[PDB]
Each structure stands twice: as C-alpha cells, then as structure tokens.
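Input: a single structure, listed below in structure tokens.
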Amino acid sequence: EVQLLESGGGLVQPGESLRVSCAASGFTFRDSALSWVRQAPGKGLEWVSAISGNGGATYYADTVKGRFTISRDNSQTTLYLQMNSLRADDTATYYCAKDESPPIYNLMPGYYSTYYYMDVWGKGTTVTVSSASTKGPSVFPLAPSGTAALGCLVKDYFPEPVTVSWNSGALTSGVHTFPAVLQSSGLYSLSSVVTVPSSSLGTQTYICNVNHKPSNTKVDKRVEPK
Amino acid sequence: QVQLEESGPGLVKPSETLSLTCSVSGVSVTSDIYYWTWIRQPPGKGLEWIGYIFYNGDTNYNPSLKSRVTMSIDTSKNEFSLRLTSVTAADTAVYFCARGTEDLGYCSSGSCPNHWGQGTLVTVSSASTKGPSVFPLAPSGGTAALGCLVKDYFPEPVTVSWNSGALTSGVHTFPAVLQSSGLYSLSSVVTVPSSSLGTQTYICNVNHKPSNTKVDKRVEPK
Amino acid sequence: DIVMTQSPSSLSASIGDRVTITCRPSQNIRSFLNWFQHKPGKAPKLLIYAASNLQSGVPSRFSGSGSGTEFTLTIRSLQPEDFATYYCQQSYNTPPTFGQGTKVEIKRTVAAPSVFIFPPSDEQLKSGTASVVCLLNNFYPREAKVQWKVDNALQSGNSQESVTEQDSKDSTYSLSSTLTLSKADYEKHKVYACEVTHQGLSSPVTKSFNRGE
Amino acid sequence: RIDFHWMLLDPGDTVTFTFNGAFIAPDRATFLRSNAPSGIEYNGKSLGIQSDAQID
C-alpha cells in the first residue's frame with residue numbers, strides 16, 4: 001500500500017492563495033521524490049512541480065514559475081503546495097503523484113534524480129478559481145410527450161458537481177446524466193434523462209433527485225407527461 | 001472471362017474446421033499467371049484479406065490467420081479451396097473467393113484480386129440447423145401487394161423467387177431479423193395489378209440450403 | 001499491417017453531384033492503391049487500379065487520383081446506380097489491406113410510402129403464433145415510424161422492423177414491420193392496425209383489417 | 001567409413017545418381033522452413049547458438 005491522500009482545495013477568488021496537502025502514507029519512506037500534477041476537466045494532464053529530499057526542488061513549471069511553491073514536512077509525512085496569485089486557468093484537479101527513477105540514477109538516496117516517472121497516483125483534490133459565488137440549481141422537467149424519454153434539466157448552479165438520481169436510485173436502467181456545460185453567466189447546466197416504456201406513463205411516477213452539496217441544496221422534481 | 005461460385009457448409013461449430021470451395025468456370029486453375037484468393041468480411045466489419053495461392057505452389061496468408069489457414073487448388077475439378085482450423089465467432093463472415101493476374105509492374109505479387117465471387121456466409125455457432133416455415137401474405141386504387149413470410153430458420157440465408165425466377169420486377173426481399181428466440185425471419189413481397197388477382201398465378205419459392213428445404217406457397221384472397 | 005484510413009465513413013449526395021472519397025495509408029505506398037465498389041448482393045468490383053486506371057465497364061464519371069499518402073476517388077455526377085460501399089486497397093506489401101469503406105447514399109425528392117397490411121395466414125395459426133405484417137413500399141427519406149394498434153391499444157415490444165438498402169434505380173427504401181402474437185392473444189382482440197408516420201405523409205396513414213372478415 | 005556429400009538443388013532441377021556400388025542413398029529430401037510459402041510449415045529465420053547452459 002503506497003496510497004496518498006490529497007486534502008484541501010475548494011473555491012477561491014482569483015488572486016488569492018491556497019495550499020493543498022498530500023498525506024504520504026505507506027511504502028514511501030519519504031526519502032524519494034514527490035510531484036504535483038493538475039488537470040482541468042476538459043483538458044489533459046500537466047506536470048506542475050516536484051520535491052526532493054530537503055530543499056533540492058525548486059522544480060516548478062513555467063506556468064507557475066513565480067506563483068506556486070512546494071513544501072515538504074517529513075516529520076509529519078505530508079507534502080504541500082502553496083498556490084499563490086491564483087488565476088482563472090488554475091482551476092484543475094490537482095493530483096499528488098509518487099515519483100520513481102531507474103536504480104542506476106539517484107546516487108545519494110535523498111537528493112533528486114533528474115529522471116522520474118510517476119507510478120502511484122492519488123485521489124486528487126479539485127480546486128476551482130472564479131469570482132463565482134456558490135449557487136444552487138433550478139430543476140425543470142423534460143416532459144415525455146413503445147419507448148418514451150423524459151428527464152430533468154438542472155440549471156444555473158455553481159460550482160460543480162451535482163448528483164442526479166431517479167426514483168431515489170430505484171431507476172437505473174436507461175438513465176443518462178450528461179456532463180454539465182458552463183454558460184456565459186459562469187453557471188453550469190446539465191441534463192439527466194431516462195428512457196422508459198411508453199405504457200408506464202400513467203401508472204408509474206418518475207422523480208429526479210438532485211443534490212448540490214456545495215450549496216446544501218436538495219430538490220426532488222416529479223416529471224409528468226403534459 | 002471467368003466465373004467464380006463459392007460453396008461450403010454455412011454453419012460450423014466452434015473449435016471445428018471451416019472448409020470452403022470455389023468452383024471456377026471460364027479459365028483453368030492450372031494457368032501460370034493467375035492466383036486465387038480468399039477475402040472475408042464479418043457482419044458490419046471491414047474486409048479482411050486471407051491469402052493467395054498460385055498453381056506453382058507459392059502461397060501467402062495473412063499473419064493474423066497464417067497459423068490456422070491453408071489453401072489448395074484442385075486441378076481435376078477446376079476448383080480451389082480454403083481450410084481454416086479451430087474457428088470461433090470471430091470467423092463468422094462472408095467469405096469471397098477471387099482471381100487475380102500476376103502484374104509486378106503495378107501490383108505486389110498476388111495482391112490485386114480483380115474478379116470476385118459474390119461471397120458465402122459462414123456462421124460459427126453451436127446451435128442446430130432449422131428450416132423455415134413459409135406463410136403467405138394475401139392481398140387485401142389499382143395496385144395490390146402480396147408476398148410470403150419465411151419464419152424461424154437458422155442460420156442465414158434463405159433465397160426467395162416468385163414463380164421460379166419468372167416474376168422479378170417489383171420484388172423486395174427484406175433483410176432477416178433475429179428474433180428473441182435466436183431464429184431468423186424475413187418477408188419477400190411483390191407488387192402486381194389488382195386486376196390480376198382473380199386470374200393469374202403467384203408462387204413464392206423459399207429455399208434454405210443448410211436445412212435442405214424447398215417450400216412453395218401459392219397466394220390468394222383470404 | 002499498413003492501415004488504410006478512408007474518409008468520410010458515409011456520405012449522402014444528390015443525383016448529378018460531384019462526390020469525393022479520400023484514402024490515407026499509414027505509410028507511403030506510391031501508386032500501389034486500388035478502389036473497389038460493392039453494391040448490395042453483388043460481387044465487389046475493382047473500379048480503379050494503380051490509383052488512376054479505370055477498369056472495363058466502369059463509366060468515365062469515376063476517376064482516381066493521388067499517390068504517396070493521399071488518394072482520391074471522385075464520382076463526378078452521381079447516379080442512382082452508384083449507391084454502394086467503396087473501399088480503397090493497398091497492394092504495396094503483404095498482406096493487402098482495405099479501408100474501412102465509404103457508404104454512398106443518394107439524396108432524392110421525398111417519396112411517401114405505400115402501405116399494406118397482411119393478416120396472419122390460417123396455416124400459421126395452427127402453429128400457435130400469429131404474425132401480422134405491415135409493408136411500407138418505396139419511400140424516401142429512411143425514417144418512417146410504424147406504430148401497431150390492436151383495438152386501439154398501442155403495442156410495444158412485440159414487433160420487429162426490417163429495411164431494404166436503397167434501391168439502385170429509384171433510390172427509395174422499403175420497410176416491413178412484423179407484429180407477433182400468440183394465437184391465443186390474437187383471437188382475444190379484433191382490430192389490427194398499422195400506423196405510419198413519415199415526412200412524405202402530411203398526417204399519419206393507417207391501414208387496418210378486421211380479424212375474421 | 002561413410003562420407004556424406006550434400007548439395008542444394010534449385011527448383012525444377014534434377015539430381016542424377018549413377019553408381020555401381022559403395023553408395024549410400026538419400027530416402028528423403030530436406031527443405032528449410034524459412035523458404036516455405038507461409039503455408040504453415042513456415043517458421044522463419046532461426047539463430048543457432050552453442051551453449052553449455054540449461055534452458056529457461
């Protein structure tokens with residue numbers, strides 16, 4: 001077991017600071033290197049920085065060369081990353097990743113081997129940088145009018161994510177909940193749909209259950225043929 | 001200048017050997033410049049070249065299949081053949097035989113089959129053969145429609161004519177549908193004059209070679 | 001082992017229009033490239049050999065061009081008989097390999113289907129099953145919706161459809177829908193109806209029969 | 001003693017054996033597998049080594 005856990009993150013206004021922790025637990029004696037890698041939903045991976053031994057890194061990407069600073073606390077076995085002067089594009093799912101090198105390199109066990117590949121990845125912490133201001137969704141029916149489709153539109157919420165279930169999770173077959181889209185207002189909108197037998201409309205009640213934990217908002221919306 | 005007719009079981013059980021033959025008309029399989037090829041196309045997938053054989057013995061098989069496939073030429077019968085061992089569902093396909101002409105100025109050796117057969121379907125399955133039941137589609141502003149329903153056969157295909165190849169204009173033979181029972185069904189229809197229903201003969205001929213079945217239905221008002 | 005990437009996978013074009021299909025091999029193959037045409041139920045036909053040579057019997061509206069890593073089949077004024085799937089094929093090294101194919105469909109004017117309904121024959125009812133068939137004949141475009149109604153209750157789950165490929169002369173489709181019931185349920189109900197919705201019908205068309213008349 | 005002499009025979013070529021005696025006769029011809037036509041005998045291009053070690 002070499003898993004690490006990322007804590008912290010959240011919503012911050014552009015220009016603020018935020019540090020993310022990484023509890024390095026397991027096989028890692030923490031004489032090996034560690035790294036941070038961020039990814040925004042809708043974009044690929046991007047290496048952020050790295051740490052080695054004590055103060056041997058000092059290794060930051062050009063995007064955050066003057067903003068991010070990497071700390072290491074071997075006494076409590078936790079890796080940090082102070083993200084100062086955050087901009088809009090810094091919104092990403094920051095992953096804390098192990099670092100391994102070929103045994104021919106890394107002469108002294110503590111210092112940095114300038115050739116690392118990440119083997120054990122973490123669960124990741126999502127950090128959102130906007131001027132947004134948390135807001136719960138409005139939920140509107142997508143009414144059905146052998147097989148019928150019905151759904152719920154979950155509109156105008158911030159930040160991600162929302163969860164949608166149907167009939168308190170009793171309805172699974174045929175459900176599709178789509179990725180949210182970001183509107184020009186800066187709020188998200190998503191749809192969840194289900195296909196059901198046309199013959200069930202009249203006997204069977206369909207309710208979408210929407211949860212937006214960031215605003216502790218909870219909506220059940222019955223979807224009726226009209 | 002050449003005709004190429006494919007033959008073979010239609011149904012082979014998994015792990016068994018698939019054998020196909022191509023009857024050649026119009027040229028001799030003993031000619032120094034032609035090569036004989038097999039190609040296949042799984043349902044809804046792309047064409048896959050299998051290999052070529054020359055009368056002089058030179059062969060080349062797709063590496064995806066080479067450790068399971070052989071071909072031969074039968075000079076006495078003017079045929080050539082495909083043998084494919086240890087088949088699975090991945091080998092269910094339409095198999096086409098083809099002829100090409102060695103032409104190293106414009107083509108790699110044995111790589112341009114330019115006269116193909118129409119293909120024969122091979123289904124790899126443990127299910128047994130079943131012949132169709134054939135039922136009439138009887139006629140109800142000038143034109144009437146009639147047909148025959150061919151239900152519950154396995155595996156594909158059936159062939160349908162109307163009046164033994166005589167009535168041909170206006171015929172539609174539908175693609176088979178797989179029923180929830182695992183057996184196929186299809187219909188064949190034809191449009192004819194309503195003024196014709198009282199006096200002229202229509203017989204659909206439904207033929208299914210895997211079950212060695214021929215069934216004739218004649219059609220008319222309920 | 002040379003991968004042939006054909007594009008687009010499918011296209012629709014009107015009669016008389018110019019159609020272009022491209023093929024890009026995964027390595028340079030000089031002119032060792034052939035084009036095949038495959039019409040429904042017929043033998044695949046070599047149309048173009050060695051990138052640009054028209055085969056016997058092929059109309060001069062068909063032309064092949066290109067070399068190296070990009071090849072084009074052009075059909076300069078599409079005719080209904082050109083409905084087919086087209087494939088490129090490299091002959092540069094073994095094994096010969098084919099593109100995944102391009103299905104060419106013909107766009108034509110809207111044509112409403114002719115609708116026919118057939119009751120099950122008495123011979124089949126002795127088998128314990130009743131098949132009711134609805135025929136939609138010679139329509140364009142491909143969507144046609146067939147709803148079954150038995151004594152005006154909409155059916156679902158007990159029918160299957162089949163559609164022909166586009167006709168090589170008039171570019172239409174035909175469709176059969178078969179409603180299957182046990183004989184026992186079939187005799188418990190009276191009115192059997194096939195209801196057709198299609199762009200060529202200003203409102204839906206229903207053909208029906210009465211069981212036992 | 002018996003002494004063996006060998007030859008490579010091109011396709012379509014006749015080897016003619018003529019002898020009044022003392023002759024040891026081939027019963028079987030040897031064909032390389034890397035000259036096969038990919039007709040599943042074909043197993044191409046080996047490396048022959050000389051080794052004192054076990055196999056693994």
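Chains: A, B, ... in order of the structure tokens. Residues: from 1 per chain. Ligands: from 1, in order shown.
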**Request:** Could you give me, as a ChimeraX atom specification, the residues within 12 Å of residue 25 of chain D, counting only C-alpha atoms and dropping anything in the same chain fewer than 5 positions from it?
**Result:** /D:2-6,16-19
**Request:** Identify, on the basis of only C-alpha atoms, every residue whose closest approach to residue 74 of chain A does not exceed 12 Å; exclude the query and any residue fewer than 4 positions from it along the same chain; express the result as an MDAnalysis selection string.
**Result:** chainID A and resid 22:25 28:34 51:55 78:80 110
Chain A near chain C within 12 Å: what's each residue's closest atom pair and its distance in Å to one decimal, counting only C-alpha atoms, ordered by chain then ascending residue number, as a Markdown table?
| residue | atom | partner | partner_atom | distance |
| --- | --- | --- | --- | --- |
| A:146 | CA | C:156 | CA | 4.2 |
| A:147 | CA | C:156 | CA | 7.6 |
| A:148 | CA | C:156 | CA | 10.9 |
| A:196 | CA | C:156 | CA | 11.3 |
| A:197 | CA | C:156 | CA | 7.9 |
| A:198 | CA | C:156 | CA | 8.1 |
| A:199 | CA | C:156 | CA | 8.2 |
| A:200 | CA | C:156 | CA | 11.3 |
**Request:** From a DSSP pass on the backbone, collect the residues of segment 29-179 of chain A flagged as strand (DSSP E) and hand them back as an NGL selection string.
**Result:** :A and (34-39 or 45-51 or 59-60 or 68-73 or 78-83 or 92-98 or 125-129 or 138-142 or 147-157 or 163-166 or 175-177)
**Request:** Go through C:152, C:117, C:95, C:105 one by one, measure the shortest atom-to-atom distance of each to chain D using only C-alpha atoms, and give the residue with the smallest value.
**Result:**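 Comparing C:152, C:117, C:95, C:105 against chain D, the winner is C:95.
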**Message:** Need to verify the contact set: residue 8 of chain C, 10 Å, only C-alpha atoms, exclusion of same-chain residues closer than 2 positions in sequence. Can you return it as a ChimeraX atom specification?
**Reply:** /C:5-6,10-11,20-23,100-104
Take the selection from the previous step and output its residues with N, CA, C and O atoms, as a PDB file, in the first residue's frame.
ATOM      1  N   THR C   5      -6.853   4.496 -43.899  1.00  0.00           N
ATOM      2  CA  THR C   5      -7.841   5.388 -43.296  1.00  0.00           C
ATOM      3  C   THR C   5      -8.607   6.093 -44.404  1.00  0.00           C
ATOM      4  O   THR C   5      -8.061   6.954 -45.104  1.00  0.00           O
ATOM      5  N   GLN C   6      -9.852   5.700 -44.579  1.00  0.00           N
ATOM      6  CA  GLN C   6     -10.739   6.234 -45.593  1.00  0.00           C
ATOM      7  C   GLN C   6     -11.641   7.266 -44.928  1.00  0.00           C
ATOM      8  O   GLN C   6     -11.918   7.162 -43.733  1.00  0.00           O
ATOM      9  N   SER C  10     -19.237   7.717 -44.424  1.00  0.00           N
ATOM     10  CA  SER C  10     -20.531   7.709 -45.091  1.00  0.00           C
ATOM     11  C   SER C  10     -20.768   9.109 -45.629  1.00  0.00           C
ATOM     12  O   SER C  10     -20.247  10.085 -45.088  1.00  0.00           O
ATOM     13  N   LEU C  11     -21.497   9.195 -46.737  1.00  0.00           N
ATOM     14  CA  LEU C  11     -21.893  10.495 -47.254  1.00  0.00           C
ATOM     15  C   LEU C  11     -23.178  10.315 -48.034  1.00  0.00           C
ATOM     16  O   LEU C  11     -23.464   9.239 -48.563  1.00  0.00           O
ATOM     17  N   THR C  20     -16.487  12.957 -53.556  1.00  0.00           N
ATOM     18  CA  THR C  20     -15.050  12.754 -53.364  1.00  0.00           C
ATOM     19  C   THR C  20     -14.840  11.927 -52.107  1.00  0.00           C
ATOM     20  O   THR C  20     -15.416  12.235 -51.064  1.00  0.00           O
ATOM     21  N   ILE C  21     -14.059  10.860 -52.215  1.00  0.00           N
ATOM     22  CA  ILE C  21     -13.709   9.993 -51.097  1.00  0.00           C
ATOM     23  C   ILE C  21     -12.191   9.958 -51.022  1.00  0.00           C
ATOM     24  O   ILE C  21     -11.516   9.766 -52.038  1.00  0.00           O
ATOM     25  N   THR C  22     -11.657  10.112 -49.811  1.00  0.00           N
ATOM     26  CA  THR C  22     -10.219  10.154 -49.628  1.00  0.00           C
ATOM     27  C   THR C  22      -9.722   8.926 -48.896  1.00  0.00           C
ATOM     28  O   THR C  22     -10.352   8.442 -47.942  1.00  0.00           O
ATOM     29  N   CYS C  23      -8.476   8.579 -49.198  1.00  0.00           N
ATOM     30  CA  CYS C  23      -7.832   7.453 -48.549  1.00  0.00           C
ATOM     31  C   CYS C  23      -6.416   7.862 -48.173  1.00  0.00           C
ATOM     32  O   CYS C  23      -5.681   8.418 -48.999  1.00  0.00           O
ATOM     33  N   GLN C 100     -11.768   1.052 -44.315  1.00  0.00           N
ATOM     34  CA  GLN C 100     -12.983   0.567 -43.661  1.00  0.00           C
ATOM     35  C   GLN C 100     -14.251   0.810 -44.478  1.00  0.00           C
ATOM     36  O   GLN C 100     -15.302   0.278 -44.121  1.00  0.00           O
ATOM     37  N   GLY C 101     -14.167   1.531 -45.583  1.00  0.00           N
ATOM     38  CA  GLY C 101     -15.249   1.648 -46.539  1.00  0.00           C
ATOM     39  C   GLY C 101     -15.965   2.988 -46.407  1.00  0.00           C
ATOM     40  O   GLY C 101     -15.979   3.617 -45.342  1.00  0.00           O
ATOM     41  N   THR C 102     -16.567   3.432 -47.503  1.00  0.00           N
ATOM     42  CA  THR C 102     -17.393   4.637 -47.518  1.00  0.00           C
ATOM     43  C   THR C 102     -18.723   4.294 -48.142  1.00  0.00           C
ATOM     44  O   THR C 102     -18.772   3.893 -49.307  1.00  0.00           O
ATOM     45  N   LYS C 103     -19.787   4.397 -47.364  1.00  0.00           N
ATOM     46  CA  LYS C 103     -21.140   4.170 -47.863  1.00  0.00           C
ATOM     47  C   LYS C 103     -21.686   5.418 -48.540  1.00  0.00           C
ATOM     48  O   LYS C 103     -21.770   6.475 -47.906  1.00  0.00           O
ATOM     49  N   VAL C 104     -21.968   5.339 -49.834  1.00  0.00           N
ATOM     50  CA  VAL C 104     -22.502   6.475 -50.578  1.00  0.00           C
ATOM     51  C   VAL C 104     -24.008   6.299 -50.718  1.00  0.00           C
ATOM     52  O   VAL C 104     -24.465   5.353 -51.365  1.00  0.00           O
TER      53      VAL C 104
END
**Request:** Mind the document's chain letters and residue numbers, and return as a list in words the residues of segment 120-163 of chain C that DSSP labels helix (DSSP H, G or I).
**Result:**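 Output for segment 120-163 of chain C, helix (DSSP H, G or I) only: residues 122, 123, 124 and 125 of chain C.
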**Item:** Shell around segment 129-137 of chain A at 7 Å using only C-alpha atoms, local window under 2 positions removed, as a VMD selection string
**Value:** chain A and resid 11 to 14 87 to 88 90 to 91 127 139 154 to 159 212 215 217
Selection from above, C-alpha atoms, as a PDB file, in the first residue's frame, can you write it?
ATOM      1  CA  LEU A  11     -13.444  27.635  -4.419  1.00  0.00           C
ATOM      2  CA  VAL A  12     -11.212  30.722  -4.301  1.00  0.00           C
ATOM      3  CA  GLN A  13     -11.330  34.183  -5.818  1.00  0.00           C
ATOM      4  CA  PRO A  14      -8.625  34.926  -8.421  1.00  0.00           C
ATOM      5  CA  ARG A  87      -5.581  32.977 -11.914  1.00  0.00           C
ATOM      6  CA  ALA A  88      -8.642  31.691 -13.746  1.00  0.00           C
ATOM      7  CA  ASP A  90      -5.543  27.444 -12.400  1.00  0.00           C
ATOM      8  CA  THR A  91      -8.880  25.630 -11.951  1.00  0.00           C
ATOM      9  CA  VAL A 127      -9.636  23.473  -6.919  1.00  0.00           C
ATOM     10  CA  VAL A 139     -34.616  21.924 -11.672  1.00  0.00           C
ATOM     11  CA  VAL A 154     -30.546  21.132 -13.725  1.00  0.00           C
ATOM     12  CA  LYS A 155     -29.721  24.709 -14.470  1.00  0.00           C
ATOM     13  CA  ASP A 156     -27.821  27.679 -13.145  1.00  0.00           C
ATOM     14  CA  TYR A 157     -25.696  26.250 -10.375  1.00  0.00           C
ATOM     15  CA  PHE A 158     -22.152  26.770  -9.206  1.00  0.00           C
ATOM     16  CA  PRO A 159     -19.696  25.171  -8.609  1.00  0.00           C
ATOM     17  CA  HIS A 212     -25.835  20.071  -4.931  1.00  0.00           C
ATOM     18  CA  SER A 215     -24.958  24.826  -1.533  1.00  0.00           C
ATOM     19  CA  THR A 217     -29.498  22.191  -1.795  1.00  0.00           C
TER      20      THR A 217
END
Could you pull the residues within 6 Å of residue 40 of chain B, counting only C-alpha atoms, minus those fewer than 5 positions along the same chain, as a PDB file with N, CA and C atoms, in the first residue's frame?
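File written: selection_30.pdb
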ATOM      1  N   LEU B  47     -13.380  -5.454 -44.701  1.00  0.00           N
ATOM      2  CA  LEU B  47     -12.864  -6.570 -45.480  1.00  0.00           C
ATOM      3  C   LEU B  47     -11.494  -6.958 -44.962  1.00  0.00           C
ATOM      4  N   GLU B  48     -11.276  -8.265 -44.869  1.00  0.00           N
ATOM      5  CA  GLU B  48     -10.000  -8.816 -44.430  1.00  0.00           C
ATOM      6  C   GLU B  48      -9.472  -9.838 -45.436  1.00  0.00           C
ATOM      7  N   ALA B  93     -18.396 -14.796 -41.003  1.00  0.00           N
ATOM      8  CA  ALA B  93     -18.130 -13.781 -42.010  1.00  0.00           C
ATOM      9  C   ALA B  93     -18.682 -14.254 -43.334  1.00  0.00           C
ATOM     10  N   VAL B  94     -18.822 -13.300 -44.233  1.00  0.00           N
ATOM     11  CA  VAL B  94     -18.974 -13.611 -45.639  1.00  0.00           C
ATOM     12  C   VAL B  94     -17.576 -13.828 -46.187  1.00  0.00           C
ATOM     13  N   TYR B  95     -17.386 -14.959 -46.850  1.00  0.00           N
ATOM     14  CA  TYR B  95     -16.124 -15.354 -47.464  1.00  0.00           C
ATOM     15  C   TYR B  95     -16.272 -15.241 -48.973  1.00  0.00           C
ATOM     16  N   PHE B  96     -15.366 -14.494 -49.588  1.00  0.00           N
ATOM     17  CA  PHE B  96     -15.340 -14.243 -51.022  1.00  0.00           C
ATOM     18  C   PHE B  96     -14.132 -14.960 -51.597  1.00  0.00           C
TER      19      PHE B  96
END
Sorted by chain and rising residue number, list the residues of chain B at most 7 Å from chain D (counting only C-alpha atoms), each with its closest atom pair and distance in Å to one decimal, as a Markdown table.
| residue | atom | partner | partner_atom | distance |
| --- | --- | --- | --- | --- |
| B:58 | CA | D:37 | CA | 5.7 |
| B:59 | CA | D:37 | CA | 5.1 |
| B:60 | CA | D:38 | CA | 5.4 |
| B:61 | CA | D:38 | CA | 6.2 |
| B:66 | CA | D:40 | CA | 6.4 |
| B:67 | CA | D:40 | CA | 5.6 |
| B:70 | CA | D:39 | CA | 6.2 |
**Request:** Would you kindly return, as a list in words, each protein, DNA or RNA residue with an atom no farther than 10 Å from any atom of residue 100 of chain A, considering only C-alpha atoms and excluding same-chain residues fewer than 3 positions away?
**Result:**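 Close residues of residue 100 of chain A: residues 32, 33, 34, 97, 103, 106, 113, 115, 116, 117, 118, 119 and 120 of chain A.
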Which chain B residues are at most 6 Å from chain C (counting only C-alpha atoms), as a PDB file with N, CA and C atoms, in the first residue's frame?
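out_0.pdb, written as the output of this step:
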ATOM      1  N   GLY B  46     -15.004  -4.625 -41.517  1.00  0.00           N
ATOM      2  CA  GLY B  46     -14.288  -4.373 -42.747  1.00  0.00           C
ATOM      3  C   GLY B  46     -13.899  -5.650 -43.488  1.00  0.00           C
ATOM      4  N   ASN B  62      -2.442 -14.099 -44.659  1.00  0.00           N
ATOM      5  CA  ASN B  62      -2.443 -13.025 -43.679  1.00  0.00           C
ATOM      6  C   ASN B  62      -1.834 -13.501 -42.354  1.00  0.00           C
ATOM      7  N   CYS B 107       1.518  -3.948 -59.149  1.00  0.00           N
ATOM      8  CA  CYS B 107       0.913  -4.682 -58.020  1.00  0.00           C
ATOM      9  C   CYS B 107       1.952  -5.553 -57.331  1.00  0.00           C
ATOM     10  N   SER B 108       1.935  -5.676 -56.006  1.00  0.00           N
ATOM     11  CA  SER B 108       2.788  -6.706 -55.342  1.00  0.00           C
ATOM     12  C   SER B 108       2.285  -8.069 -55.817  1.00  0.00           C
ATOM     13  N   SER B 111      -1.585  -9.711 -54.985  1.00  0.00           N
ATOM     14  CA  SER B 111      -2.152  -8.689 -54.050  1.00  0.00           C
ATOM     15  C   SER B 111      -3.283  -7.852 -54.650  1.00  0.00           C
ATOM     16  N   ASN B 114      -9.076  -9.250 -58.790  1.00  0.00           N
ATOM     17  CA  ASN B 114      -9.913  -8.351 -59.583  1.00  0.00           C
ATOM     18  C   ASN B 114     -11.165  -9.014 -60.163  1.00  0.00           C
ATOM     19  N   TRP B 116     -14.166 -11.253 -58.378  1.00  0.00           N
ATOM     20  CA  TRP B 116     -14.635 -11.844 -57.130  1.00  0.00           C
ATOM     21  C   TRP B 116     -15.935 -12.599 -57.339  1.00  0.00           C
ATOM     22  N   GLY B 117     -16.130 -13.613 -56.512  1.00  0.00           N
ATOM     23  CA  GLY B 117     -17.410 -14.254 -56.300  1.00  0.00           C
ATOM     24  C   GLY B 117     -18.307 -13.397 -55.420  1.00  0.00           C
ATOM     25  N   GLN B 118     -19.569 -13.805 -55.303  1.00  0.00           N
ATOM     26  CA  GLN B 118     -20.491 -12.977 -54.535  1.00  0.00           C
ATOM     27  C   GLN B 118     -20.422 -13.250 -53.039  1.00  0.00           C
ATOM     28  N   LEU B 137     -48.548 -14.023 -47.636  1.00  0.00           N
ATOM     29  CA  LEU B 137     -49.113 -12.676 -47.436  1.00  0.00           C
ATOM     30  C   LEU B 137     -50.188 -12.305 -48.453  1.00  0.00           C
ATOM     31  N   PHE B 174     -36.611  -8.747 -47.915  1.00  0.00           N
ATOM     32  CA  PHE B 174     -36.115  -7.973 -46.794  1.00  0.00           C
ATOM     33  C   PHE B 174     -34.953  -8.652 -46.082  1.00  0.00           C
TER      34      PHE B 174
END
**Request:** For atom CA of residue 167 of chain A and atom CA of residue 143 of chain A, quote the distance in Å rounded to one decimal.
**Result:**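 So the two atoms, atom CA of residue 167 of chain A and atom CA of residue 143 of chain A, lie 15.5 Å apart.
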